[PDB]
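Undergrad: experimental structure and its sequence below.
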Amino acid sequence: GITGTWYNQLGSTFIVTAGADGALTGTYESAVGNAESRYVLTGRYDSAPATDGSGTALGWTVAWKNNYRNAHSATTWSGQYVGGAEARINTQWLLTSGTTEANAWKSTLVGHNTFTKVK
Amino acid sequence: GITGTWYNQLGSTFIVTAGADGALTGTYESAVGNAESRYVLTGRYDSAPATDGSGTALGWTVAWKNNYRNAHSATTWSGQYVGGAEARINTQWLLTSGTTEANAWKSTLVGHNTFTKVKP
Amino acid sequence: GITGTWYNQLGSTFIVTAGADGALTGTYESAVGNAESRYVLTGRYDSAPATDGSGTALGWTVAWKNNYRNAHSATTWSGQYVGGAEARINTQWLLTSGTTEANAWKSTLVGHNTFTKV
Amino acid sequence: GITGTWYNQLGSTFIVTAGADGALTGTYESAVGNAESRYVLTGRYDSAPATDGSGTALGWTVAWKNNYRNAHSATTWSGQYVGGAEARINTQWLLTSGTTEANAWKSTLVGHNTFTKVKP
Ligand SMILES: O=C(O)CCCC[C@@H]1SC[C@@H]2NC(=O)N[C@@H]21
Ligand SMILES: O=C(O)CCCC[C@@H]1SC[C@@H]2NC(=O)N[C@@H]21
Ligand SMILES: O=C(O)CCCC[C@@H]1SC[C@@H]2NC(=O)N[C@@H]21
Ligand SMILES: O=C(O)CCCC[C@@H]1SC[C@@H]2NC(=O)N[C@@H]21
């Protein structure tokens, strides 16, 4: 159920393939921030989740460097996939920018993104 | 650089290879939690960082399933590599467990881990 | 404004008074977790926000001890009040439980709550 | 144990009084950021912590407005006090700035601060 195209509330698009062994691979296009076009993502998911209706744990990373630009930053999303009629990937994220040691205290933004199969 | 064997303040072991086009691959062994032995990790790093003294942004994920056990959880680490005499990787992390909808509010732990190449 | 009775997506009830000195005071009742009835809260907000359409920054704390129960934990909410026609308070929160030193790595939960007066 | 002056790794100073009723009141001076001089803080703590000597849960808020400046922002710290010879308050924090709705996704910084009774 994870493989495919997902949309979040910001207008971003997350295109992922879930491998049999726990691999996530794909591309991410952000509607906001210091970003243009698609970026490589990689991550992992629980490939033998519980079957009690609980979600499937997963996470992925994007480093915000592609052929077009480099924001000198990286985001990780941690969350879970919930299937069914209203399928969702519910996440929290951490965006770290490369900083000097003196500015390290303000290096990391936190937020939440909910991904759905329709936008 | 980033490639090597790293240890955090909990005694966990992070073995990573940084590929030329931005890939991180390796293994993670946690000294704590519902975990034993090594788990696969993948991630990304900025393969052309700024040259002004800024760190190198990176992140990686571990899903806590291996041949021995499955915690039905995953952790991401977001942070930066800081080079120099004593290299460091400074991170914050999010650990999400699979939950029911009613328990989703308590799905995710947050913390910080600093990694160095110094064995416990 | 901020003063009033607010509810989040979990069904918790946040009753707050915003003082002109930047103080928040009131009570919190959680619909979830190791909690019953009302808990005291205190916090702060920006009492002279920007006039350019930006939200009003705020935060508050609840320690989960009252006359009935003690969870040995505390939550902080950090966020902003958005005054539109349908006012909201959008937050992220940290819940720290008291732990031993060896379990401190797993002391703190993170999440998000959005509050409305509906 | 909590009442007094505390220092973090950034060089900031936290002066707090812990009331019998669970109240934290005091002032905070940040060494970094859009801040000068002292700011009011208020918070809460567990006035009856566990008998097994676990830490004492607590939190507090600073809105970054005083008589000298207004950053249009607020920080909350959530953590625990640990007593004894090397007493500490170990925290994670969230700093939210007032933003437009369009910029709300980048409103909130996260970090960690460890407070000690002696300045590092
Ligand atoms: O500005 C940057 O440094 C790079 C772009 C970051 C976009 C962030 S990642 C978290 C959030 N979710 C999104 O879809 N976009 C923003
Ligand atoms: O308990 C689990 O669900 C799996 C093991 C989690 C271990 C965590 S990941 C964040 C922190 N840093 C570590 O090295 N170990 C813990
Ligand atoms: O379980 C505990 O330790 C005490 C109750 C915590 C309830 C949490 S606070 C964050 C979230 N928002 C709510 O309204 N309730 C939960
Ligand atoms: O820049 C601002 O908006 C106001 C000052 C924020 C300073 C932050 S609060 C978290 C961290 N810990 C500190 O002692 N200082 C920084």
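TA: Cool, got the structure. Numbering: from 1, shown residues only, chains lettered A, B, ... in the order given. Ligands and ions are numbered 1, 2, ... in the order given.

Undergrad: C-alpha only now, for contacts and for neighbours.
TA: OK.

Undergrad: got the residues of chain A near chain D?
TA: Residues of chain A lying close to chain D by CA under 8 Å from any CA of the partner chain are A:105, A:106, A:107, A:108, A:109, A:110, A:111.

Undergrad: quick check, the helix or strand where the last one lies touching chain C?
TA: Residue A:111 belongs to strand A:108-116 when assigned by DSSP states H and E. Yes. Applying CA under 8 Å from any CA, one finds strand A:108-116 in contact with chain C at A:111, A:112.

Undergrad: could you do stretch A:77-85 as well?
TA: No. Stretch A:77-85 lies out of reach of chain C by CA under 8 Å from any CA, never closer than 11.2 Å.

Undergrad: now the helices for chain A?
TA: Shown for chain A, no helices are assigned by DSSP state H.

Undergrad: which strand in it runs the most residues?
TA: For chain A, the strand with the greatest residue count under DSSP state E is strand A:70-82.

Undergrad: who does it pair up with?
TA: The pairing partners recorded for strand A:70-82 under DSSP bridges are strand A:56-65 (antiparallel), strand A:88-97 (antiparallel).

Undergrad: that one near ligand 1 anywhere?
TA: Yes. Strand A:70-82 lies within reach of ligand 1 by CA under 6 Å from any ligand atom, at A:71, A:73, A:75.

Undergrad: dump those residues to TSV, plus distance to residue A:1 and neighbour count.
TA: Formatted as TSV, these follow (distance: CA to CA, whole Å; neighbours: other CA atoms under 10 Å in any protein chain shown):
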residue	distance to residue A:1	neighbour count
A:71	31	18
A:73	29	28
A:75	23	28
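
Undergrad: please identify the most buried of the strands paired with strand A:70-82.
TA: Among these, strand A:56-65 has the highest mean neighbour count (mean count of other CA atoms under 10 Å in any protein chain shown), at a mean of 30.

Undergrad: and the residue of chain A nearest chain D?
TA: Using CA to the nearest CA, residue A:109 is the residue of chain A that sits closest to chain D, at 4.3 Å.

Undergrad: what pairs with the closest residue to that residue other than its chain neighbours across the strands?
TA: In this structure, residue A:109 finds its nearest non-sequential neighbour in residue D:109, 4.3 Å apart by CA to CA, 6 or more residues apart in numbering or on different chains. On the basis of DSSP bridges, residue D:109 is bridged to residue A:109, residue D:95.

Undergrad: check contacts around residue D:109.
TA: By CA atoms under 8 Å, 6 or more residues apart in numbering or on different chains, the contact set of residue D:109 is A:106, A:107, A:108, A:109, A:110, D:94, D:95, D:96.

Undergrad: now those as TSV including distance to ligand 3?
TA: Listed next are the contacts of residue D:109 as TSV, based on distance: CA to the nearest ligand atom, whole Å:
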residue	distance to ligand 3
A:106	24
A:107	25
A:108	21
A:109	19
A:110	16
D:94	14
D:95	17
D:96	17
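
Undergrad: is ligand 2 contacted by stretch A:91-107?
TA: No. Contact of stretch A:91-107 with ligand 2 (CA under 6 Å from any ligand atom) is absent, the minimum separation being 13.9 Å.

Undergrad: in chain A, what residue comes closest to ligand 4?
TA: Proximity of chain A to ligand 4 (CA to the nearest ligand atom) peaks at residue A:105, 6.4 Å away.

Undergrad: alpha carbons only: can I get the strand holding residue A:111 in PDB?
TA: Only the C-alpha atoms of strand A:108-116 are listed here, as PDB (Å, rounded to 0.1, in the frame of the first residue of the first chain):
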ATOM      1  CA  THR A 108      16.800  22.400  13.000                       C
ATOM      2  CA  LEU A 109      13.100  23.000  12.200                       C
ATOM      3  CA  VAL A 110      10.400  20.600  13.200                       C
ATOM      4  CA  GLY A 111       6.900  20.000  11.900                       C
ATOM      5  CA  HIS A 112       4.300  17.600  10.800                       C
ATOM      6  CA  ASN A 113       3.100  16.400   7.400                       C
ATOM      7  CA  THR A 114       0.000  14.300   6.600                       C
ATOM      8  CA  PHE A 115       0.200  12.500   3.200                       C
ATOM      9  CA  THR A 116      -2.900  11.300   1.400                       C
END
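
Undergrad: relative to strand B:70-82, how tilted is it?
TA: Angle, strand A:108-116 to strand B:70-82, by axes from the mean of the first three to the mean of the last three CA atoms, to 10 degrees: 140 degrees.

Undergrad: strand A:108-116 vs ligand 4: in contact?
TA: No. Using CA under 6 Å from any ligand atom, strand A:108-116 stays clear of ligand 4, with a minimum separation of 11.4 Å.

Undergrad: from the chain's centre, how far out does that strand sit?
TA: 8 Å (CA atoms, centre = their mean, to the nearest Å).

Undergrad: report the central residue of chain A.
TA: Residue closest to the mean C-alpha point of chain A, counted by CA atoms, centre = their mean, is residue A:77 at 4.5 Å.

Undergrad: gap between the residue lying farthest from the centre of chain A and ligand 2?
TA: When each C-alpha in chain A is compared with the mean C-alpha position (CA atoms, centre = their mean), residue A:102 comes out farthest, at 28.4 Å. Per CA to the nearest ligand atom, to the nearest Å, residue A:102 is found 24 Å from ligand 2.

Undergrad: try residue A:8
TA: 26 Å.

Undergrad: ok, now residue A:74?
TA: 18 Å.

Undergrad: one more: residue A:51?
TA: 17 Å.

Undergrad: and residue A:103, by the same measure?
TA: Relative to ligand 2, and taking CA to the nearest ligand atom, residue A:103 is found at 24 Å.

Undergrad: same question, residue A:56
TA: 13 Å.

Undergrad: what's the answer for residue A:101, then?
TA: 22 Å.

Undergrad: go on, residue A:35?
TA: 28 Å.

Undergrad: do residue A:109 as well
TA: Taking CA to the nearest ligand atom, one finds residue A:109 at 18 Å from ligand 2.

Undergrad: over to residue A:83?
TA: Counting by CA to the nearest ligand atom - residue A:83 and ligand 2 are separated by 21 Å.

Undergrad: ok, residue A:27 next?
TA: 25 Å.

Undergrad: next one: residue A:66
TA: Taken as CA to the nearest ligand atom, the span from residue A:66 to ligand 2 is 29 Å.

Undergrad: please apply the same query to residue A:86.
TA: Residue A:86 is 26 Å from ligand 2, by CA to the nearest ligand atom.

Undergrad: out of the residues of strand A:70-82 next to ligand 1, which is nearest to chain B?
TA: residue A:73 (5.0 Å).
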